[PDB]
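In C-alpha cells, one chain follows: the form deposited without the named molecule.
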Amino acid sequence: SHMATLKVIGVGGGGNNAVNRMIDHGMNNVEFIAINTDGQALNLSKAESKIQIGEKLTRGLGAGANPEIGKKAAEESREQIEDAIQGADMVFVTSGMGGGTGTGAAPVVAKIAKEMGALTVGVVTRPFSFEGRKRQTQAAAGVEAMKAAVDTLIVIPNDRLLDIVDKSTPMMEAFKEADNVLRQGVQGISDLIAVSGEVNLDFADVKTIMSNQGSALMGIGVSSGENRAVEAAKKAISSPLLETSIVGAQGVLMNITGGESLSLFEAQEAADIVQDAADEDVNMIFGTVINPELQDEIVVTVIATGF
C-alpha cells in the first residue's frame, strides 16, 4: 500500500503568495515549501519550510526583475532545495513569471525536483498586459524554461482575471480565483489518492497521464439536481483562466464521485462530455468513487494532458 508524498513549492513573490493563501485556506497531507530571494517577503511566509536563496548575490533583497539572478540564486542553493524536496513523490512548483526570482529560479527548482524522481507539475502565471512588453517577454522565456524542466505545465495568463472581475472586484479576490487552479488540482490528486474508489484510480495513473506530457489541465466540477453529471463535467473542463483548454487532449484521468444514486448512464454522459470537448482519440483512465455521505451532489475531477 502506497501513500504519495505531495509538496507545493512557491518560488518568488507570486508563488509564495499562492502558498500563503493556500495555507490560509486549509490543506493537509501536503508539505509547503517557500523559496525566495526576498527576505522581507519570506519572513512573512506561513510555510513550514522556508529557503532564502541567493543571499550572497542580492544581499537579502529580491532579484530586481533580473531572471539571471534568480537562476544563479537557485543554482547556488541547490543542496538546500534538494534537502527540502527529498522524499517527494509529486511536486507542484508555483510561480509568477516575469520577475527575477520566479522566472529564473522556478525552472531550476522544477529541474531539481524531476532529477530527484518526483512527478513535477508547474503552475505559473503570465504577467498582465498592463505590466508592459518587457515583462511579458521575460515571462515567455520563463515559461519556455519551465516547459523544459517539468513533467506538465499549467499556465494562467493574468489577463484572464480581467475577464472574471467587475470594475470593483478587489485585486486580492481576483488573485484567489487564480490560486484555485493550483489548490483544486492539488486537492483533486490528494483526494484521488486517499479514497478507495469502486473503480479505483491511484498515483500510478496520475504518473501515466502526467509524466513528460507538456501542457496540462486540472479541473474539478460539482453539481446537483437534473443534468448534474453533464454540468459537473462541463465545469471541470471549462475554466476561463487557462492558456491550455481541453481541446486536443491525448490523455485524460477522469474520476466521478457520487452517492449511491450515481447512475451508469450519467457516468457515460460525463465521460462523453470530456471525450467530445477534447475532439480527440484519447488514453482515458476512468474511475468512480461512491461516497454514501453524498446525497444529490456529483463531483467530476479531470486531468487532461497531451496536446
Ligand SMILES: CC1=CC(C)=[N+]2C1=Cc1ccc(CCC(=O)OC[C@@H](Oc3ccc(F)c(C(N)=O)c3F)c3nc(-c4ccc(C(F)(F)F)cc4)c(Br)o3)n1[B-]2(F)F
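The first residue of the shown sequence is 1; numbering continues from there.
This next part talks about the form deposited with the named molecule bound, which is not shown.
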Segment assignment from 79 to 87, 141 to 149, 110 to 118, 220 to 228: heavy atom within 4.5 Å of the named molecule in the deposited complex: 220 to 228
Residue (of 73, 210, 155, 237) lying close to the named molecule in the deposited complex, criterion heavy atoms within 4.5 Å: 210
The named molecule contact in the deposited complex: residue 214, any heavy atom under 4.5 Å: no
Any non-hydrogen atom of residue 288 within 4.5 angstroms of the named molecule in the deposited complex: yes
Heavy atom of residue 200 within 4.5 Å of the named molecule in the deposited complex: yes
The named molecule contact at residue 254 in the deposited complex, heavy atom, 4.5 Å: yes
Output flag, 9, 42 and 48 jointly within 4.5 Å of the named molecule in the deposited complex, heavy atom basis: no
Within 4.5 Å of the named molecule in the deposited complex: residues from 287 to 307 (heavy atom criterion): 287, 288, 289, 299, 301, 302, 303
